[PDB]
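Q: Dropping in coords_19.txt, with compact mmCIF, N, CA and C atoms and all ligand atoms.
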```txt
# COMPACT_ATOMS: atom_id res chain seq x y z
N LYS A 1 11.20 -2.97 17.75
CA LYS A 1 10.96 -4.31 17.24
C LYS A 1 10.54 -4.27 15.79
N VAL A 2 11.14 -5.12 14.96
CA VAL A 2 10.66 -5.29 13.60
C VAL A 2 9.72 -6.50 13.52
N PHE A 3 8.43 -6.25 13.28
CA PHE A 3 7.43 -7.32 13.19
C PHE A 3 7.50 -8.08 11.87
N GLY A 4 7.28 -9.39 11.94
CA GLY A 4 6.96 -10.13 10.73
C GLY A 4 5.59 -9.69 10.22
N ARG A 5 5.35 -9.89 8.94
CA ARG A 5 4.07 -9.55 8.34
C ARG A 5 2.86 -10.19 9.06
N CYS A 6 2.91 -11.51 9.24
CA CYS A 6 1.78 -12.23 9.84
C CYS A 6 1.73 -12.00 11.35
N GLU A 7 2.91 -11.82 11.94
CA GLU A 7 2.99 -11.45 13.33
C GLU A 7 2.25 -10.14 13.60
N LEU A 8 2.49 -9.11 12.79
CA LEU A 8 1.82 -7.83 13.01
C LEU A 8 0.32 -7.96 12.73
N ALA A 9 -0.04 -8.73 11.71
CA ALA A 9 -1.44 -8.95 11.39
C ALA A 9 -2.16 -9.56 12.60
N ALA A 10 -1.54 -10.58 13.20
CA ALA A 10 -2.09 -11.26 14.37
C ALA A 10 -2.30 -10.28 15.52
N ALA A 11 -1.32 -9.40 15.73
CA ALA A 11 -1.34 -8.43 16.81
C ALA A 11 -2.44 -7.37 16.61
N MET A 12 -2.52 -6.83 15.40
CA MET A 12 -3.52 -5.83 15.06
C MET A 12 -4.91 -6.41 15.23
N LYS A 13 -5.08 -7.66 14.80
CA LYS A 13 -6.35 -8.37 14.93
C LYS A 13 -6.72 -8.53 16.41
N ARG A 14 -5.78 -8.99 17.23
CA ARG A 14 -6.06 -9.14 18.65
C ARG A 14 -6.43 -7.82 19.34
N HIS A 15 -5.94 -6.70 18.82
CA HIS A 15 -6.27 -5.38 19.39
C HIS A 15 -7.53 -4.77 18.79
N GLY A 16 -8.16 -5.47 17.85
CA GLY A 16 -9.44 -5.04 17.31
C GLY A 16 -9.44 -4.17 16.06
N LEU A 17 -8.34 -4.17 15.30
CA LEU A 17 -8.24 -3.38 14.07
C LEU A 17 -8.98 -4.02 12.89
N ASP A 18 -9.14 -5.34 12.92
CA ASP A 18 -9.78 -6.08 11.83
C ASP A 18 -11.20 -5.57 11.53
N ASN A 19 -11.35 -4.91 10.39
CA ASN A 19 -12.59 -4.21 10.02
C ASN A 19 -13.02 -3.09 10.97
N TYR A 20 -12.07 -2.49 11.67
CA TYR A 20 -12.37 -1.32 12.47
C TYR A 20 -12.73 -0.16 11.54
N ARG A 21 -13.86 0.48 11.81
CA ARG A 21 -14.40 1.52 10.92
C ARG A 21 -14.55 1.02 9.49
N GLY A 22 -14.74 -0.28 9.34
CA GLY A 22 -14.90 -0.90 8.03
C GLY A 22 -13.61 -1.21 7.29
N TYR A 23 -12.47 -0.96 7.92
CA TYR A 23 -11.19 -1.23 7.25
C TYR A 23 -10.65 -2.61 7.59
N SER A 24 -10.68 -3.51 6.60
CA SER A 24 -10.22 -4.88 6.80
C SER A 24 -8.75 -4.93 7.19
N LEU A 25 -8.35 -6.03 7.81
CA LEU A 25 -7.00 -6.24 8.32
C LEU A 25 -5.88 -5.91 7.33
N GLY A 26 -6.06 -6.28 6.07
CA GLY A 26 -5.02 -6.04 5.08
C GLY A 26 -4.73 -4.56 4.87
N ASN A 27 -5.75 -3.72 5.03
CA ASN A 27 -5.56 -2.27 4.91
C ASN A 27 -4.58 -1.79 5.97
N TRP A 28 -4.74 -2.30 7.19
CA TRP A 28 -3.90 -1.90 8.31
C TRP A 28 -2.48 -2.41 8.17
N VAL A 29 -2.34 -3.67 7.77
CA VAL A 29 -1.00 -4.21 7.53
C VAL A 29 -0.30 -3.45 6.40
N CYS A 30 -1.02 -3.23 5.30
CA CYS A 30 -0.45 -2.51 4.17
C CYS A 30 0.07 -1.12 4.59
N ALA A 31 -0.74 -0.40 5.36
CA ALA A 31 -0.36 0.93 5.85
C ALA A 31 0.93 0.89 6.67
N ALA A 32 1.02 -0.08 7.57
CA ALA A 32 2.20 -0.23 8.42
C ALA A 32 3.42 -0.50 7.56
N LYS A 33 3.25 -1.31 6.52
CA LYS A 33 4.37 -1.64 5.66
C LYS A 33 5.01 -0.37 5.11
N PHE A 34 4.19 0.51 4.53
CA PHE A 34 4.72 1.66 3.81
C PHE A 34 5.02 2.85 4.71
N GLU A 35 4.40 2.88 5.89
CA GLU A 35 4.74 3.89 6.89
C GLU A 35 6.05 3.55 7.59
N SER A 36 6.22 2.30 8.03
CA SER A 36 7.35 1.97 8.89
C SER A 36 8.15 0.71 8.51
N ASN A 37 7.72 0.00 7.47
CA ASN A 37 8.30 -1.30 7.17
C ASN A 37 8.23 -2.26 8.38
N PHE A 38 7.20 -2.08 9.21
CA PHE A 38 6.88 -2.96 10.34
C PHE A 38 7.77 -2.72 11.56
N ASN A 39 8.47 -1.58 11.58
CA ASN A 39 9.41 -1.25 12.65
C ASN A 39 8.76 -0.31 13.67
N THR A 40 8.51 -0.81 14.88
CA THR A 40 7.93 0.02 15.94
C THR A 40 8.80 1.22 16.31
N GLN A 41 10.09 1.15 16.01
CA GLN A 41 10.99 2.25 16.37
C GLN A 41 11.11 3.36 15.33
N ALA A 42 10.38 3.25 14.22
CA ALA A 42 10.51 4.23 13.14
C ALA A 42 10.09 5.65 13.57
N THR A 43 10.92 6.64 13.24
CA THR A 43 10.56 8.04 13.41
C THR A 43 10.98 8.79 12.15
N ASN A 44 10.14 9.72 11.71
CA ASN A 44 10.42 10.54 10.53
C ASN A 44 9.84 11.95 10.72
N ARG A 45 10.65 12.96 10.46
CA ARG A 45 10.19 14.34 10.47
C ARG A 45 9.26 14.61 9.31
N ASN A 46 8.26 15.45 9.54
CA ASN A 46 7.45 16.01 8.47
C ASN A 46 7.92 17.44 8.20
N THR A 47 7.56 17.97 7.04
CA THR A 47 8.01 19.30 6.64
C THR A 47 7.55 20.41 7.59
N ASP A 48 6.42 20.21 8.24
CA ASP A 48 5.87 21.20 9.14
C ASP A 48 6.58 21.17 10.50
N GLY A 49 7.59 20.31 10.63
CA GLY A 49 8.38 20.23 11.85
C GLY A 49 7.81 19.26 12.87
N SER A 50 6.62 18.73 12.61
CA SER A 50 6.10 17.69 13.46
C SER A 50 6.90 16.41 13.21
N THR A 51 6.69 15.39 14.03
CA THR A 51 7.37 14.12 13.82
C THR A 51 6.37 12.95 13.84
N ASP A 52 6.65 11.94 13.03
CA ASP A 52 5.85 10.72 13.01
C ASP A 52 6.52 9.59 13.79
N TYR A 53 5.73 8.87 14.59
CA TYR A 53 6.26 7.85 15.48
C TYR A 53 5.62 6.49 15.30
N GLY A 54 6.46 5.47 15.20
CA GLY A 54 6.00 4.10 15.32
C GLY A 54 5.50 3.36 14.08
N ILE A 55 4.89 2.21 14.35
CA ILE A 55 4.43 1.28 13.33
C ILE A 55 3.46 1.93 12.32
N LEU A 56 2.65 2.87 12.81
CA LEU A 56 1.68 3.57 11.97
C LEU A 56 1.97 5.08 11.87
N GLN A 57 3.21 5.45 12.17
CA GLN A 57 3.68 6.80 11.90
C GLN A 57 2.71 7.91 12.34
N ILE A 58 2.38 7.89 13.62
CA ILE A 58 1.40 8.79 14.20
C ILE A 58 2.05 10.15 14.50
N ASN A 59 1.42 11.19 13.97
CA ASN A 59 1.94 12.54 13.92
C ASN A 59 1.87 13.25 15.27
N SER A 60 2.94 13.97 15.60
CA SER A 60 2.98 14.75 16.82
C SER A 60 2.26 16.09 16.70
N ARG A 61 1.77 16.44 15.51
CA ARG A 61 1.04 17.70 15.37
C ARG A 61 -0.30 17.64 16.08
N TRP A 62 -0.85 16.43 16.25
CA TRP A 62 -2.21 16.27 16.73
C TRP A 62 -2.37 15.19 17.81
N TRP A 63 -1.60 14.11 17.70
CA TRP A 63 -1.95 12.88 18.41
C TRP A 63 -1.15 12.54 19.66
N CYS A 64 0.11 12.95 19.72
CA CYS A 64 0.96 12.58 20.85
C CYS A 64 1.91 13.73 21.18
N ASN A 65 2.33 13.83 22.44
CA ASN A 65 3.29 14.85 22.83
C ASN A 65 4.75 14.41 22.72
N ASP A 66 5.55 15.19 21.99
CA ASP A 66 7.00 14.97 21.96
C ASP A 66 7.75 16.20 22.46
N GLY A 67 7.02 17.26 22.78
CA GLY A 67 7.62 18.43 23.39
C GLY A 67 8.37 19.38 22.49
N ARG A 68 8.29 19.17 21.18
CA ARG A 68 9.02 20.03 20.25
C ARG A 68 8.22 20.35 19.00
N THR A 69 6.90 20.25 19.10
CA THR A 69 6.03 20.52 17.96
C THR A 69 5.08 21.66 18.34
N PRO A 70 5.47 22.89 18.01
CA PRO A 70 4.75 24.09 18.46
C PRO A 70 3.31 24.12 17.96
N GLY A 71 2.40 24.52 18.85
CA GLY A 71 0.99 24.71 18.52
C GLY A 71 0.29 23.40 18.25
N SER A 72 0.71 22.36 18.95
CA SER A 72 0.24 21.03 18.64
C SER A 72 -0.69 20.50 19.72
N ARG A 73 -1.42 19.44 19.38
CA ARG A 73 -2.34 18.82 20.33
C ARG A 73 -1.87 17.40 20.65
N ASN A 74 -2.24 16.90 21.82
CA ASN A 74 -1.87 15.55 22.22
C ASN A 74 -3.16 14.75 22.38
N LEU A 75 -3.86 14.53 21.26
CA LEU A 75 -5.23 14.01 21.29
C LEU A 75 -5.37 12.57 21.78
N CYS A 76 -4.29 11.79 21.78
CA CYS A 76 -4.36 10.44 22.32
C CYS A 76 -3.83 10.41 23.74
N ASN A 77 -3.50 11.59 24.26
CA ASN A 77 -3.03 11.73 25.64
C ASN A 77 -1.87 10.80 25.96
N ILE A 78 -0.80 10.90 25.18
CA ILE A 78 0.31 9.95 25.25
C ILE A 78 1.63 10.61 24.81
N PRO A 79 2.72 10.34 25.53
CA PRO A 79 4.01 10.78 25.00
C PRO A 79 4.33 10.04 23.71
N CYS A 80 4.90 10.73 22.75
CA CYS A 80 5.17 10.13 21.44
C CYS A 80 6.10 8.92 21.57
N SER A 81 7.02 8.98 22.54
CA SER A 81 7.97 7.90 22.76
C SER A 81 7.27 6.56 23.04
N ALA A 82 6.06 6.61 23.59
CA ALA A 82 5.31 5.40 23.90
C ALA A 82 4.78 4.67 22.67
N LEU A 83 4.87 5.32 21.51
CA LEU A 83 4.43 4.72 20.26
C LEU A 83 5.57 3.93 19.59
N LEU A 84 6.69 3.76 20.30
CA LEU A 84 7.87 3.11 19.75
C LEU A 84 8.08 1.77 20.42
N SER A 85 7.20 1.47 21.37
CA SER A 85 7.27 0.25 22.14
C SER A 85 7.07 -0.98 21.26
N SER A 86 7.64 -2.10 21.68
CA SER A 86 7.45 -3.35 20.96
C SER A 86 6.02 -3.87 21.16
N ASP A 87 5.34 -3.32 22.16
CA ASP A 87 3.92 -3.57 22.39
C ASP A 87 3.12 -2.48 21.66
N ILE A 88 2.33 -2.88 20.66
CA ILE A 88 1.68 -1.91 19.78
C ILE A 88 0.35 -1.40 20.31
N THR A 89 0.00 -1.80 21.53
CA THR A 89 -1.24 -1.39 22.16
C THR A 89 -1.54 0.11 22.02
N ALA A 90 -0.58 0.95 22.41
CA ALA A 90 -0.76 2.39 22.35
C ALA A 90 -0.95 2.92 20.92
N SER A 91 -0.20 2.37 19.97
CA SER A 91 -0.33 2.78 18.57
C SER A 91 -1.71 2.44 18.01
N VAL A 92 -2.17 1.23 18.31
CA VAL A 92 -3.46 0.76 17.83
C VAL A 92 -4.59 1.58 18.44
N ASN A 93 -4.50 1.84 19.73
CA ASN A 93 -5.50 2.64 20.42
C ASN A 93 -5.55 4.04 19.84
N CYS A 94 -4.37 4.59 19.55
CA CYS A 94 -4.30 5.92 18.97
C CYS A 94 -4.81 5.89 17.52
N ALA A 95 -4.42 4.87 16.77
CA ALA A 95 -4.88 4.74 15.39
C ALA A 95 -6.41 4.67 15.28
N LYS A 96 -7.07 4.08 16.28
CA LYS A 96 -8.54 4.04 16.27
C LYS A 96 -9.17 5.43 16.33
N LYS A 97 -8.55 6.33 17.09
CA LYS A 97 -8.97 7.73 17.13
C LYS A 97 -8.73 8.45 15.80
N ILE A 98 -7.51 8.33 15.29
CA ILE A 98 -7.15 8.91 14.00
C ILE A 98 -8.14 8.49 12.91
N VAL A 99 -8.32 7.18 12.73
CA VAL A 99 -9.18 6.67 11.66
C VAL A 99 -10.66 7.06 11.85
N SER A 100 -11.03 7.50 13.06
CA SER A 100 -12.42 7.85 13.35
C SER A 100 -12.63 9.34 13.17
N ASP A 101 -11.56 10.04 12.83
CA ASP A 101 -11.55 11.50 12.78
C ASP A 101 -12.35 12.15 11.64
N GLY A 102 -12.81 11.37 10.67
CA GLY A 102 -13.61 11.93 9.59
C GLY A 102 -13.28 11.45 8.18
N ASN A 103 -11.98 11.34 7.88
CA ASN A 103 -11.53 10.89 6.57
C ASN A 103 -11.06 9.44 6.52
N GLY A 104 -11.42 8.64 7.52
CA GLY A 104 -11.02 7.24 7.56
C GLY A 104 -9.51 7.09 7.41
N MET A 105 -9.07 6.18 6.55
CA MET A 105 -7.64 5.90 6.44
C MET A 105 -6.89 6.85 5.51
N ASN A 106 -7.61 7.75 4.85
CA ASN A 106 -6.96 8.80 4.06
C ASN A 106 -6.05 9.67 4.93
N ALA A 107 -6.27 9.64 6.24
CA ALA A 107 -5.38 10.34 7.18
C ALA A 107 -3.92 9.88 7.02
N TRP A 108 -3.73 8.61 6.69
CA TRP A 108 -2.40 8.11 6.31
C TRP A 108 -2.20 8.28 4.81
N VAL A 109 -1.51 9.35 4.42
CA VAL A 109 -1.31 9.66 3.00
C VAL A 109 -0.72 8.46 2.25
N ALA A 110 0.18 7.74 2.90
CA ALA A 110 0.76 6.56 2.28
C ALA A 110 -0.30 5.48 2.03
N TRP A 111 -1.29 5.37 2.91
CA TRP A 111 -2.39 4.43 2.64
C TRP A 111 -3.15 4.84 1.38
N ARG A 112 -3.63 6.08 1.33
CA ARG A 112 -4.32 6.57 0.13
C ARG A 112 -3.48 6.32 -1.13
N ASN A 113 -2.19 6.63 -1.05
CA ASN A 113 -1.35 6.60 -2.25
C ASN A 113 -0.88 5.22 -2.70
N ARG A 114 -0.84 4.25 -1.78
CA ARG A 114 -0.19 2.98 -2.08
C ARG A 114 -1.02 1.74 -1.74
N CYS A 115 -2.06 1.90 -0.93
CA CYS A 115 -2.87 0.76 -0.49
C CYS A 115 -4.31 0.86 -0.98
N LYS A 116 -4.87 2.06 -0.87
CA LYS A 116 -6.25 2.30 -1.25
C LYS A 116 -6.50 1.77 -2.66
N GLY A 117 -7.60 1.04 -2.81
CA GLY A 117 -8.00 0.52 -4.11
C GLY A 117 -7.21 -0.68 -4.59
N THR A 118 -6.21 -1.13 -3.82
CA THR A 118 -5.42 -2.29 -4.24
C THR A 118 -5.91 -3.60 -3.59
N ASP A 119 -5.30 -4.72 -3.97
CA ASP A 119 -5.64 -6.01 -3.39
C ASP A 119 -4.97 -6.16 -2.02
N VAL A 120 -5.54 -5.52 -1.00
CA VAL A 120 -4.90 -5.45 0.30
C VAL A 120 -4.93 -6.79 1.04
N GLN A 121 -5.84 -7.67 0.62
CA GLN A 121 -5.92 -9.00 1.20
C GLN A 121 -4.59 -9.78 1.05
N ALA A 122 -3.80 -9.46 0.03
CA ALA A 122 -2.50 -10.09 -0.15
C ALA A 122 -1.57 -9.85 1.04
N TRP A 123 -1.81 -8.76 1.75
CA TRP A 123 -1.00 -8.44 2.92
C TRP A 123 -1.19 -9.44 4.07
N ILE A 124 -2.32 -10.14 4.08
CA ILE A 124 -2.54 -11.17 5.09
C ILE A 124 -2.56 -12.59 4.47
N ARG A 125 -2.03 -12.71 3.26
CA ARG A 125 -1.96 -13.98 2.54
C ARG A 125 -1.08 -14.98 3.28
N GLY A 126 -1.65 -16.12 3.64
CA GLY A 126 -0.88 -17.19 4.26
C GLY A 126 -0.80 -17.18 5.78
N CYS A 127 -1.32 -16.13 6.41
CA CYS A 127 -1.32 -16.02 7.87
C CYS A 127 -2.48 -16.81 8.47
N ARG A 128 -2.29 -17.38 9.67
CA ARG A 128 -3.42 -17.99 10.39
C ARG A 128 -4.09 -17.05 11.41
CL CL B 201 6.63 -7.94 3.76
CL CL B 202 -1.03 10.36 11.93
CL CL B 203 4.97 19.95 21.63
CL CL B 204 15.51 18.14 18.50
CL CL B 205 4.59 28.45 14.73
CL CL B 206 -4.58 18.23 23.26
CL CL B 207 4.10 13.51 27.52
CL CL B 208 1.56 -6.36 20.52
CL CL B 209 -14.38 5.49 5.88
CL CL B 210 -3.07 13.24 11.19
CL CL B 211 -0.89 10.22 9.37
CL CL B 212 -3.55 -5.10 -6.33
CL CL B 213 -0.84 -6.69 -5.28
CL CL B 214 -7.86 -7.80 3.90
EU EU B 215 5.27 11.46 7.54
EU EU B 216 -9.82 16.85 12.20
NA NA B 217 1.51 17.08 20.24
```
How would this structure read if it were set down as structure tokens?
Ligand SMILES: [Cl-]
Ligand SMILES: [Cl-]
Ligand SMILES: [Cl-]
Ligand SMILES: [Cl-]
Ligand SMILES: [Cl-]
Ligand SMILES: [Cl-]
Ligand SMILES: [Cl-]
Ligand SMILES: [Cl-]
Ligand SMILES: [Cl-]
Ligand SMILES: [Cl-]
Ligand SMILES: [Cl-]
Ligand SMILES: [Cl-]
Ligand SMILES: [Cl-]
Ligand SMILES: [Cl-]
Ligand SMILES: [Eu+2]
Ligand SMILES: [Eu+2]
Ligand code: NA
A:
Amino acid sequence: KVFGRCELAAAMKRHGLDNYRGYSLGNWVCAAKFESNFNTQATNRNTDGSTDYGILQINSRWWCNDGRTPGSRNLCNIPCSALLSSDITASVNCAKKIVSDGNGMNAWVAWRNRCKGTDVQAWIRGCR
């Protein structure tokens, strides 16, 4: 599923991402934009051979099992394929663990590089 901007914002908010670990809603929407362009079906290989899955591009090196990432952990106890669902419940639940891991949203390199320090509130501009 490709989410609308305000649609995804509404969904993330309902799942409790709004100011989760102090990260306001726009931070989360902004991250999704540059990780997946709002597409729950997005997958991308990383150089280390792990794969990123879903709206928030959650890595198979640590967070989910895809069965082809050697020496990896499945810390959200979930098959990676479940992060591609049009229901973002699993991604959001997993993202809460990731963001709580110590470095906050810096875990998403694209967030640090493209969202951090910017006017992220614009990402929820006009949404109810
Ligand atoms: Cl957009
Ligand atoms: Cl990740
Ligand atoms: Cl694996
Ligand atoms: Cl393969
Ligand atoms: Cl290896
Ligand atoms: Cl594990
Ligand atoms: Cl599995
Ligand atoms: Cl949803
Ligand atoms: Cl933090
Ligand atoms: Cl990670
Ligand atoms: Cl990441
Ligand atoms: Cl800005
Ligand atoms: Cl801006
Ligand atoms: Cl915001
Ligand atoms: Eu990646
Ligand atoms: Eu760690
Ligand atoms: Na894994």
Q: Against ligand CL 208 (chain B), which residues of chain A fall within 12 Å? For each one I want the closest pair of atoms and the distance in Å (one decimal), counting only C-alpha atoms and all ligand atoms, rows by chain and increasing residue number, as JSON lines.
A:
```
{"residue": "A:1", "atom": "CA", "partner": "B:CL208", "partner_atom": "CL", "distance": 10.2}
{"residue": "A:2", "atom": "CA", "partner": "B:CL208", "partner_atom": "CL", "distance": 11.5}
{"residue": "A:3", "atom": "CA", "partner": "B:CL208", "partner_atom": "CL", "distance": 9.4}
{"residue": "A:4", "atom": "CA", "partner": "B:CL208", "partner_atom": "CL", "distance": 11.8}
{"residue": "A:7", "atom": "CA", "partner": "B:CL208", "partner_atom": "CL", "distance": 8.9}
{"residue": "A:8", "atom": "CA", "partner": "B:CL208", "partner_atom": "CL", "distance": 7.7}
{"residue": "A:9", "atom": "CA", "partner": "B:CL208", "partner_atom": "CL", "distance": 10.0}
{"residue": "A:10", "atom": "CA", "partner": "B:CL208", "partner_atom": "CL", "distance": 8.7}
{"residue": "A:11", "atom": "CA", "partner": "B:CL208", "partner_atom": "CL", "distance": 5.1}
{"residue": "A:12", "atom": "CA", "partner": "B:CL208", "partner_atom": "CL", "distance": 7.5}
{"residue": "A:13", "atom": "CA", "partner": "B:CL208", "partner_atom": "CL", "distance": 9.9}
{"residue": "A:14", "atom": "CA", "partner": "B:CL208", "partner_atom": "CL", "distance": 8.3}
{"residue": "A:15", "atom": "CA", "partner": "B:CL208", "partner_atom": "CL", "distance": 8.0}
{"residue": "A:16", "atom": "CA", "partner": "B:CL208", "partner_atom": "CL", "distance": 11.5}
{"residue": "A:38", "atom": "CA", "partner": "B:CL208", "partner_atom": "CL", "distance": 12.0}
{"residue": "A:40", "atom": "CA", "partner": "B:CL208", "partner_atom": "CL", "distance": 10.1}
{"residue": "A:55", "atom": "CA", "partner": "B:CL208", "partner_atom": "CL", "distance": 10.9}
{"residue": "A:83", "atom": "CA", "partner": "B:CL208", "partner_atom": "CL", "distance": 11.4}
{"residue": "A:84", "atom": "CA", "partner": "B:CL208", "partner_atom": "CL", "distance": 11.4}
{"residue": "A:85", "atom": "CA", "partner": "B:CL208", "partner_atom": "CL", "distance": 8.9}
{"residue": "A:86", "atom": "CA", "partner": "B:CL208", "partner_atom": "CL", "distance": 6.6}
{"residue": "A:87", "atom": "CA", "partner": "B:CL208", "partner_atom": "CL", "distance": 4.1}
{"residue": "A:88", "atom": "CA", "partner": "B:CL208", "partner_atom": "CL", "distance": 4.5}
{"residue": "A:89", "atom": "CA", "partner": "B:CL208", "partner_atom": "CL", "distance": 5.9}
{"residue": "A:90", "atom": "CA", "partner": "B:CL208", "partner_atom": "CL", "distance": 9.2}
{"residue": "A:91", "atom": "CA", "partner": "B:CL208", "partner_atom": "CL", "distance": 9.5}
{"residue": "A:92", "atom": "CA", "partner": "B:CL208", "partner_atom": "CL", "distance": 9.1}
{"residue": "A:93", "atom": "CA", "partner": "B:CL208", "partner_atom": "CL", "distance": 11.4}
```
Q: Which chains and residue numbers are within 8 Å of ligand EU 216 (chain B), counting only N, CA and C atoms and all ligand atoms, if I want them as a PyMOL selection string?
A: chain A and resi 101-103
Q: Please identify all protein, DNA and RNA residues within 8 Å of ligand CL 201 (chain B), counting all atoms listed in the file, and report them as a list in words.
A: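 Those within range of ligand CL 201 (chain B) are residues 4, 5, 6, 33, 37 and 123 of chain A.
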Q: Would you save the residues from that selection as a short mmCIF file (atom, residue, chain, number, x, y, z; two decimals), in the frame of the given file, using N, CA and C atoms?
A:
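Contents of again.cif, as written:
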```cif
data_model
loop_
_atom_site.label_atom_id
_atom_site.label_comp_id
_atom_site.auth_asym_id
_atom_site.auth_seq_id
_atom_site.Cartn_x
_atom_site.Cartn_y
_atom_site.Cartn_z
N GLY A 4 7.28 -9.39 11.94
CA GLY A 4 6.96 -10.13 10.73
C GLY A 4 5.59 -9.69 10.22
N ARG A 5 5.35 -9.89 8.94
CA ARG A 5 4.07 -9.55 8.34
C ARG A 5 2.86 -10.19 9.06
N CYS A 6 2.91 -11.51 9.24
CA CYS A 6 1.78 -12.23 9.84
C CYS A 6 1.73 -12.00 11.35
N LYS A 33 3.25 -1.31 6.52
CA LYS A 33 4.37 -1.64 5.66
C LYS A 33 5.01 -0.37 5.11
N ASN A 37 7.72 0.00 7.47
CA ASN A 37 8.30 -1.30 7.17
C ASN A 37 8.23 -2.26 8.38
N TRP A 123 -1.81 -8.76 1.75
CA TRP A 123 -1.00 -8.44 2.92
C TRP A 123 -1.19 -9.44 4.07
#
```
Q: Measure the distance from atom N of residue 58 in chain A to atom C of residue 26 in chain A in Å and round it to one decimal.
A: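 According to the coordinates, atom N of residue 58 in chain A and atom C of residue 26 in chain A are separated by 16.8 Å.
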Q: If the limit is 7 Å from any atom of ligand CL 210 (chain B), counting only N, CA and C atoms and all ligand atoms, which residues qualify? Return them as a list in words.
A: residues 58, 59, 62, 63, 98, 107 and 108 of chain A
Q: Skipping near chain neighbours, those fewer than 3 positions away, what residues fall within 9 Å of residue 51 in chain A using only C-alpha atoms, listed as a list in words?
A: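 The residues satisfying every condition are residues 43, 44, 45, 46, 47, 48, 57, 58, 59, 60, 61, 66, 68, 69 and 80 of chain A.
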Q: What is the distance between atom C of residue 114 in chain A and CA of residue 32 in chain A, in Å to one decimal?
A: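 For atom C of residue 114 in chain A relative to CA of residue 32 in chain A, the distance reads 10.8 Å.
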Q: Which of these residues is nearest to residue 19 in chain A, using only C-alpha atoms: A:73, A:96, A:128, A:116?
A: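 Closest to residue 19 in chain A of all the choices is A:96.
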Q: Using only C-alpha atoms and all ligand atoms, which residues of chain A come within 8 Å of ligand CL 213 (chain B), and what is the closest atom pair for each, with the distance in Å to one decimal? Give it as a tab-separated table, sorted by chain and residue number.
A:
```
residue	atom	partner	partner_atom	distance
A:118	CA	B:CL213	CL	6.4
A:119	CA	B:CL213	CL	5.2
A:120	CA	B:CL213	CL	7.0
A:122	CA	B:CL213	CL	6.4
```
Q: Name each residue within 8 Å of ligand CL 209 (chain B), counting only N, CA and C atoms and all ligand atoms, as JSON, numbers by chain.
A: {"A": [21, 22, 23, 99, 102, 103, 104, 105, 106]}
Q: Determine, counting all atoms listed in the file, every residue of protein, DNA or RNA that lies within 5 Å of (8.0, 4.4, 10.2) in the file coordinates, then give the result as a PyMOL selection string.
A: chain A and resi 35-36+42-43+54
Q: Could you pull out the helix (DSSP H, G or I) residues of range 46-104 of chain A from DSSP and send them as a list in words?
A: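 Helix (DSSP H, G or I) members of range 46-104 of chain A, listed: residues 80, 81, 82, 83, 84, 89, 90, 91, 92, 93, 94, 95, 96, 97, 98, 99 and 104 of chain A.
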Q: Counting only N, CA and C atoms and all ligand atoms, what are the residues of chain A within 7 Å of ligand CL 207 (chain B), and for each of them which pair of atoms is the nearest and at what distance in Å, to one decimal? Sort the table by chain and rising number, as a Markdown table.
A:
```
| residue | atom | partner | partner_atom | distance |
| --- | --- | --- | --- | --- |
| A:64 | C | B:CL207 | CL | 6.7 |
| A:65 | C | B:CL207 | CL | 4.9 |
| A:66 | N | B:CL207 | CL | 6.0 |
| A:67 | N | B:CL207 | CL | 6.7 |
| A:77 | C | B:CL207 | CL | 6.7 |
| A:78 | C | B:CL207 | CL | 4.7 |
| A:79 | CA | B:CL207 | CL | 3.7 |
| A:80 | N | B:CL207 | CL | 5.6 |
```
Q: May I have all residues of range 3-86 of chain A that DSSP, computed from the backbone, assigns to strand (DSSP E or B), given as a list in words?
A: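 Checking each residue of range 3-86 of chain A, the strand (DSSP E or B) ones are residues 20, 23, 39, 43, 44, 45, 51, 52, 53, 58, 59, 65 and 79 of chain A.
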Q: Pick out the residues no farther than 6.5 Å from ligand CL 206 (chain B), counting all atoms listed in the file, and list them as number ranges by chain.
A: A: 72-75
Q: Quote the spacing between CA of residue 113 in chain A and atom N of residue 30 in chain A in Å to one decimal place.
A: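 If I compute the distance from CA of residue 113 in chain A to atom N of residue 30 in chain A, I get 12.4 Å.
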